[PDB]
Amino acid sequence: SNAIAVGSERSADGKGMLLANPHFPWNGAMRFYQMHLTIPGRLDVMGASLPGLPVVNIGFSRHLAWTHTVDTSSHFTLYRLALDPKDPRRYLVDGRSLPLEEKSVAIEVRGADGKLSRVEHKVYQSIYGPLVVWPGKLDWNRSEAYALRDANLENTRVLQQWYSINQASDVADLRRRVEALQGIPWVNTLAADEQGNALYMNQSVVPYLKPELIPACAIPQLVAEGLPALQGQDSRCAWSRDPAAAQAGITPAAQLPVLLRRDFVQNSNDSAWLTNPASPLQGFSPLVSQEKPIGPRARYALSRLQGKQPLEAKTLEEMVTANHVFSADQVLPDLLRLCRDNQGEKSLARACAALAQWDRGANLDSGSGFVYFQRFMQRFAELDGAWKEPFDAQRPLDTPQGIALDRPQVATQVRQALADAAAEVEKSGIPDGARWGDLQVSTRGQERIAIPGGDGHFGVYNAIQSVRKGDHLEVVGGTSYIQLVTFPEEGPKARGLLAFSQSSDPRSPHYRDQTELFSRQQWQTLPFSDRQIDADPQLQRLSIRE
């Protein structure tokens, strides 16, 4: 997901502006749906939401626009249990043997014969929550087991939270409403309002441990792999209580990162840290936010956003529609150099030709260089010490960069990586002068629509995730609901698209209409005012009651 909020100090009109570019599935229970909701006098909000929810999840109103991005905060903790030496169904807390609880569920199963049978399954539970088994990682043996405490299981406030956000007037009201209720499960919130404020909040339901407990309560080897794991044999490693938390065991709002600025805030699924590099967010719980190298989507956005030049609506739109493969910026120049150094090496010829002719984008017309580049990067990622300039904590926007071609072993490995990548691309059924758009598509009935964009791990802001299905890459997730909002005097001006269209049903007039538009990158007005709605020549109206 991407989000950028621009404030009065940077926007071309001196007012708030918001780009919402969430990256979510194209199917299933998280498929975004557009709607505008109005109770005249007290609610008027438009955007998109998840299936089955009678609230707007990402949207805008008269003076406010907001959006969300999956955060890097922990929303659960694992608990390593010490098992009773006499009984692996018992576990020790403060050296006392407690029995596991057993909860059985019964499932009906349609057999081969079309008939139902009853399957009974036992779910083992500890005081923390249910046991979980990851074979070869989190086992249940005779000395240890792992249980999982999910912080959102007691979050009954989630729906009220979005209804409340839907009623928010401006950025300060939004902040109040989100900090008071703490109903947000697992996303950041970024927002801008008419008066030109830009807000980032890392305000979600996050397990709370007082700072002096963390080093002693952590399972050191598991936290190093990024798992929030705690010592479950010690009662003092229970989540801490703070009467200011909206829910017992969760982090108080005052302790979660917030940035209020008039220039910009951004997030691309990295931590709060470099939301705006001019004002780093630091000193938070490791369950909350850590200072880790940012992904290339964030690096890309910061390279466009830092500086003193005014930001237009078009600036932000084009950050998505450019389809620029930002990871190319770090490696392609040195990669092309290595290509020139090995001219007349038969194995590398086609790859280097394709790469040097490539527009560095994931556009429909982008050359096969993108395909060669992806497969190389997949191998590059597995190499040790191949960066010319490794990540530098003092230069976090500009590192890692370049290939260490001066180190002879690296040069050998990078070339072999390129040969291997070339081979894989050449083995596959890619035609001659076939383009990215010929390969990446979304199926609609018996037809196919070319989809621009590419994997966000390659720094394409317009992130698109695809899987191999037969002769094509089939899009499964990424850019989904797009909204870009500004605030001219008349009322909110909102622009965007729902990439995969309103309806998942092939029989619908709205199964592929916005998908056609997404293909051509033709964003549309999101009509909000009665006037905008009445100006629509396709306007239909139905009233219903029972």
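Residue positions are given as counts along the sequence shown, with the first one as 1. Definition used throughout: the rigid core is the maximal C-alpha set that superposes within 1.5 Å between two forms.
**Report entry** Outlying stretch relative to shown form, 108 to 116 versus 426 to 434 in 8 other deposited structures of this protein, C-alpha RMS (core)
**Finding:** Taking the RMS over all superposed structures in 8 other deposited structures of this protein, 426 to 434 lies farther out.
Query - Stretch exceeding the other in mean C-alpha B-factor - 430 to 438, 468 to 476 - result: That would be 430 to 438.
Requested in this report: Could you check the entry and say whether 120 to 128 or 334 to 342 has the higher mean CA B-factor?
Outcome: Higher mean C-alpha B-factor: 334 to 342.
Query raised in the report: Among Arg80, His75, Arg299, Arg448, which carries the highest Cα B-factor?
Result: Each of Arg80, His75, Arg299, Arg448 was compared by C-alpha B-factor; the highest is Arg448.
Query raised in the report: From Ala253, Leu159, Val425, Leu190, can you pick the one with the highest C-alpha B factor in the entry?
Result: Of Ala253, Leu159, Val425, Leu190, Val425 has the highest C-alpha B-factor.
Query raised in the report: Taking the C-alpha B-factors as the PDB entry records them, is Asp406 in the lowest, middle or highest third of its chain?
Result: As the PDB entry reports it, the C-alpha B-factor of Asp406 lands in the highest third of its chain.
Requested in this report: Taking the values exactly as deposited, rank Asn269 by C-alpha B-factor within its chain and report the matching third: lowest, middle or highest.
Outcome: CA B-factor rank for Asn269: lowest third.
Query raised in the report: Would the CA B-factor of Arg89 place it in the lowest, middle or highest third of its chain?
Result: Its C-alpha B-factor belongs to the middle third of this chain's values.
Query raised in the report: By the record's CA B-factor, is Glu489 among the lowest, middle or highest third of residues in the chain?
Result: Highest third.
**Report entry** Record-listed C-alpha B factor of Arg149: chain third
**Finding:** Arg149: CA B-factor falls in the lowest third of its chain.
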